[PDB]
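Report on one structure; see the data block that follows.
Each answer follows from the model by the rule given with it, or from the source it names; none is laboratory data. Quick reminder, even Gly has a Cβ in these numbers, built from the backbone with ideal geometry, and neighbours come from all protein chains shown.
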Amino acid sequence: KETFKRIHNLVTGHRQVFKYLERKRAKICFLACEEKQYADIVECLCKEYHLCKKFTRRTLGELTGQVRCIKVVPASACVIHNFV
Amino acid sequence: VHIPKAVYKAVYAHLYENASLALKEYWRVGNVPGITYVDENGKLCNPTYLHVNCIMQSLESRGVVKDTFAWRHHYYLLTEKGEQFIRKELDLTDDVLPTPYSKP
Amino acid sequence: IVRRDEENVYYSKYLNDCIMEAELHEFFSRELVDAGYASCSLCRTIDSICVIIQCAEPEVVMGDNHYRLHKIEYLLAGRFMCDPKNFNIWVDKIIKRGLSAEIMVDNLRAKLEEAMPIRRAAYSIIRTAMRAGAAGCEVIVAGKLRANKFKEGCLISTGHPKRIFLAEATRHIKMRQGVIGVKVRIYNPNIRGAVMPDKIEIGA
Amino acid sequence: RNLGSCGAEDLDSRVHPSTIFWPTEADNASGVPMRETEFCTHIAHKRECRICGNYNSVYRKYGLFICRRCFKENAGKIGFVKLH
Amino acid sequence: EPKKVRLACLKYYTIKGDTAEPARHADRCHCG
Amino acid sequence: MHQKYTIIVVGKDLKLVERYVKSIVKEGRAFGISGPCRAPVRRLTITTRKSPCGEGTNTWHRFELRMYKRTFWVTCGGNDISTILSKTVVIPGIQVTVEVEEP
Ligand SMILES: [Zn+2]
């Protein structure tokens, strides 16, 4: 919302969140969506291991650098690996 | 083409700190002896000529720096718009200023 | 008696620095034209080179507290791989601008590209030189307009004295129709108080 | 192909690892090791005028490396003088 | 010119979030 | 103290290279600096065709660049590193007249 832009200068996607949710390299989690099999996978993998849910799916597209400025794109993710 | 971000940041930082990139006209295989980067390599690894050449071309085409060519050496120089843009990518604040302003 | 491969370093060390310079002349000509750069030099210091220049408008070359000169200072360092800071350029000034060919040719080139035609510029230049104490000038403009020459007074064009008294310069102008080759030559027979041969005097 | 090779009896014929004797001229490019496999694998000197990128008619005497044609233009500044 | 398929949630080699795995012959990420 | 130091002067122009030694020997008036050995001239030579395209009567430019050099190894350790700096400062500043000091 404010300093997050500092961080981006984190990941988005199933293939890259799993690859950082496990092995305990992650940080914080923020769920979303369309299908349970993508809602109760991570959540159950959150059951083992931080686990949180942000109110909206779009602001992730906003907070993250998925825009160019105008065309925000939704994208659920839950891995703040960098967290520098 | 798949240029690493570390190279981008290294070049930006080197430019702002020196305000000047003195580059050689080349287009074959070979690394640059100057700017440097580290990606879990254990030892800072220098960039490749193709990568930096493409980056410089994009930057100049965007109007960030100007250049002279002399013979066999692209000399570059960043404009005011340059200082106003790198500081953003390095994630800097307007207070900071290039080194050369500090009695070379 | 002596070994010929030791002094070879000293001989080869002096030759490299000569070329190290000409590149400087080219670069300045491509860059600091705004200040009408004339010539440069070099002086290998303990840890750097004390390059000094001559430009008619000293102010243009340097910036706020010489800021842009400082900018240039670092640049050269990386190109030659010398330590910054140690670099110490110097800036000079030319007094009799109507006695140097290069500043006049550059001003004339700019003027020509100001849409003004050859005649006015050439006559302005020759007037400027003659009013600056010169025996004579000669302006030649060649391109898509042949050769239209203009001359005022006496010049020498043959002999050893030419290389020291006569000073020539040349340029190229990229105009829409083609290229306008322009050159200039000035003959000052009083340079540095040197006596031109076959110039005699007798007294009472 | 990283898990393959030839017969051992043939390996005895491998070229001597002794470094190749055909280098590339550098007047002053860090020596470091898909199309990358053979972009310019062929190795050969590329001595050329340090003014004009031309590989033809270059003097190597005294370590000049200047094209003969481009020599006349800059000879005056380089110091060479035309007498005798 | 090999092609690609829309990604699916198959990496779940379990029956209740049991993380079973972290295919013809063997292979590891990258070449080694 | 004493270092068996050496003085070497290298340059192209006979005028300055001969005038500069006179000032040096002035400065070494009392430190015993003496005559310099004058090495044979290293007359570098280059020849080239005058025509970029090789037309007409074959003609040839002949440029050459000489490298005069003189040596004042006389000081040796006769002088101290303290005034070896003094040796290097009172001397005139000629734009190009390379010099180097070794023991
Ligand atoms: Zn050439």
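Brief remarks on what is shown
- Qualifying position, being within 15 Å of the chain's Cα centre (by Cα) and among the aliphatic types (A, V, I, L, M), among B:52, B:96: B:52
- Counted residues, segment F:1-20 - those being of a type in the set (A, V, I, L, M, F, W, C), assigned to a helix (DSSP H, G or I) and surrounded by fewer than 18 Cβ atoms within 10 Å (Cβ to Cβ): 2
- Residues in segment B:32-49 that are facing chain D (nearest Cβ under 8 Å) and in contact with a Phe, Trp or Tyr (Cβ under 7 Å, 6 or more places away or on another chain) were compared, and the one that is farthest from residue B:15 (Cα to Cα) is B:49.
- Search result, residues across segment B:1-23 that are outside any helix (DSSP H, G or I) and surrounded by fewer than 17 Cβ atoms within 10 Å (Cβ to Cβ): B:1, B:2, B:3, B:4
- Of the set (1) within 12 Å of chain B (Cβ to nearest Cβ); (2) more than 16 Å from the ligand (Cβ to nearest atom); (3) of a type in the set (A, V, I, L, M, F, W, C), all apply to residue D:6 but (1).
- Remark: residue C:37 matches the filter, which requires a residue to be of a type in the set (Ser, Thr, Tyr), more than 20 Å from residue B:18 (Cα to Cα) and in contact with a helix residue (DSSP H, G or I) (Cβ under 7 Å, 6 or more places away or on another chain).
- For residue B:39: the one exception among (1) farther than 22 Å from residue A:8 by Cβ; (2) in contact with a helix residue (DSSP H, G or I) (Cβ under 8 Å, 6 or more places away or on another chain): (1)
- Residue in segment D:14-36 that is of a type in the set (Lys, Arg), within 16 Å of the ligand (Cβ to nearest atom) and either in a loop (DSSP other than H, G, I, E, B) or over 16 Å from the mean Cα position of the chain (by Cα) (or both) present: no
- Residue tally, condition assigned to a helix (DSSP H, G or I) and under 17 Å from residue B:18 (Cα atoms), over segment C:46-101: 15
- Matching residues in segment C:148-198 - criterion: being touching a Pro at 6+ places or on another chain (Cβ under 8 Å) and either surrounded by fewer than 11 Cβ atoms within 10 Å (Cβ to Cβ) or acidic (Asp, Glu) (or both): C:197
- Residue C:145 vs. criteria more than 14 Å from chain B (Cβ to nearest Cβ), buried (at least 17 other Cβ atoms within 10 Å of the Cβ) and either more than 25 Å from residue C:68 (Cβ to Cβ) or touching a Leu at 6+ places or on another chain (Cβ under 8 Å) (or both): no
- Test: residue in segment F:69-85 that is within 14 Å of chain D (Cβ to nearest Cβ), among the charged types (D, E, K, R) and in a loop (DSSP other than H, G, I, E, B): no
- Segment D:38-52, residues that are touching a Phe, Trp or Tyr at 6+ places or on another chain (Cβ under 9 Å) and either more than 19 Å from residue B:73 (Cα to Cα) or within 7 Å of chain F (Cβ to nearest Cβ) (or both): D:43, D:44, D:45
- Residue identified as within 16 Å of the ligand (Cβ to nearest atom) and assigned to a helix (DSSP H, G or I) among D:56, D:74: D:74
- A single entry from C:102, C:152, C:138 fulfils the requirement of being touching a helix residue (DSSP H, G or I) at 6+ places or on another chain (Cβ under 7 Å) and acidic (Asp, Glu): C:152.
- Qualifying positions in segment C:28-45 - out of contact with any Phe, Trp or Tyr (no Cβ under 7 Å at 6 or more places or on another chain) and assigned to a helix (DSSP H, G or I): C:30, C:31
- Residue match in segment A:30-39 (condition: not in a loop (DSSP other than H, G, I, E, B) and not polar (S, T, N, Q)): yes
- Residue pairs whose Cβ atoms lie under 7 Å apart, sitting 6 or more positions apart in sequence or on different chains, and linking a residue in segment D:36-62 that is over 22 Å from residue C:22 (Cβ atoms) to a partner that is within 15 Å of the ligand (Cβ to nearest atom), are D:46/D:55.
- Taken together, the residues in segment A:33-70 that are more than 16 Å from residue E:16 (Cβ to Cβ) and small (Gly, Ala, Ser) amount to 2.
- Here residue D:80 passes the criteria (1) in contact with a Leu (Cβ under 6 Å, 6 or more places away or on another chain); (2) away from the ligand (no atom under 16 Å from the Cβ) except the one numbered (2).
- Residues within segment B:50-80 that are part of a loop (DSSP other than H, G, I, E, B) and within 13 Å of chain C (Cβ to nearest Cβ), tallied: 6
- Residue list for segment D:53-84, filter: at positive phi and at the interface with chain F (Cβ under 10 Å from one of its Cβ atoms): D:57, D:62, D:79, D:84
- Cβ separations smaller than 8 Å between residues 6+ apart or across chains give no pair from segment C:131-157 residues that are outside the structural domain of residue C:182 (by CATH) to residues that are part of a strand (DSSP E or B) and not acidic (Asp, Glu).
- Candidates F:50, F:87, F:12 - the one that is more than 24 Å from residue D:65 (Cα to Cα) and basic (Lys, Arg): F:87
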